[PDB]
Amino acid sequence: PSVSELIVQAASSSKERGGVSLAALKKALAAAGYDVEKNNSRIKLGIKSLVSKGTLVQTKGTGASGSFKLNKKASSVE
DNA sequence: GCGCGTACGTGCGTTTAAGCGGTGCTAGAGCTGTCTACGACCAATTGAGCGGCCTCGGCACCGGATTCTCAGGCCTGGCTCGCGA
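Residues numbered from 1 in each chain as written, not as in the entry; some residues may be left out. Chains lettered and ligands numbered in written order. Part of a larger assembly, values for the part shown. Heavy atoms only, no water.

Per the deposited record, the coordinates in this entry were obtained by cryo-EM to a resolution of 4.05 Å.

Shown next as structure tokens:
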């Protein structure tokens, strides 16, 4: 499972009203068997790529350190 | 600046021993007298140490290598990014 796929799965899995933060996504990936320490840069890059592609809409914070949600709209505007 | 989680504040019923009081004791602080050992004072003597002079080598310095560390470029290895089936 690619980093972005696990990120999307965890984000759709969590039911936070305000979104899933960097710490929350790290905890989810760590619970998913992912090394959150050795691959931190990759997690951040995947998050940024998902934000840029419009897959994840950032709700709080700026950059990688904020919180993000699934965009249920861009999934059908391909 | 943000997120987490755990460790500290707040309150309540239970227990526990501090504090007050009283009493009794007797150990030791405190004062007093005797006198004896001990240190101040003072003269005489001499040798210990202070001052100057001399030397010579421990060390400061410089030249010269030898090994160490910091830094960095290049290669190998795997994992990711991405597009289609």
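Attention shifts here to the protein's contact with DNA strand B. Around DNA strand B, the neighbouring residues are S2, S21, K27, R42, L45 and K53. The sugar and phosphate moieties of DNA strand B supply 100% of its atoms located within 4 Å of the protein. Taking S2, its side chain carries an N or O atom lying 3.3 Å from a phosphate oxygen of DNA strand B. The residue inventory of the surface near DNA strand B, partitioned by class, reads 1 nonpolar, 2 polar and 3 charged. (Near = heavy atom within 4 Å. Polar contact = N/O pair within 3.5 Å; in protein donor to acceptor, adjacent residues only side chain to side chain. Nonpolar A, V, L, I, M, F, W, Y, C, P; charged D, E, K, R; others polar.)

Another aspect to go through is the nonpolar core. Membership of the largest hydrophobic core comes to 15 residues, with the highest contact counts inside it found for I7, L25, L29, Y34, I43, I47 and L56. For this core, the element with the highest residue contribution is helix α1 (residues 3-13), accounting for 5 residues. With sequence-adjacent residues up to four places away left out, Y34 is seen in contact with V3, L6, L29, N39, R42 and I43. (Core = buried A, V, L, I, M, F, W, Y, C linked by side-chain atoms within 4.5 Å. Buried < 20%, exposed > 50% of the residue type's maximum accessible area, 1.4 Å probe, protein only. Helix = DSSP H or I, 4+ residues; strand = E, 2+ residues; numbered from the N terminus. Contact = heavy atoms within 4.5 Å.)

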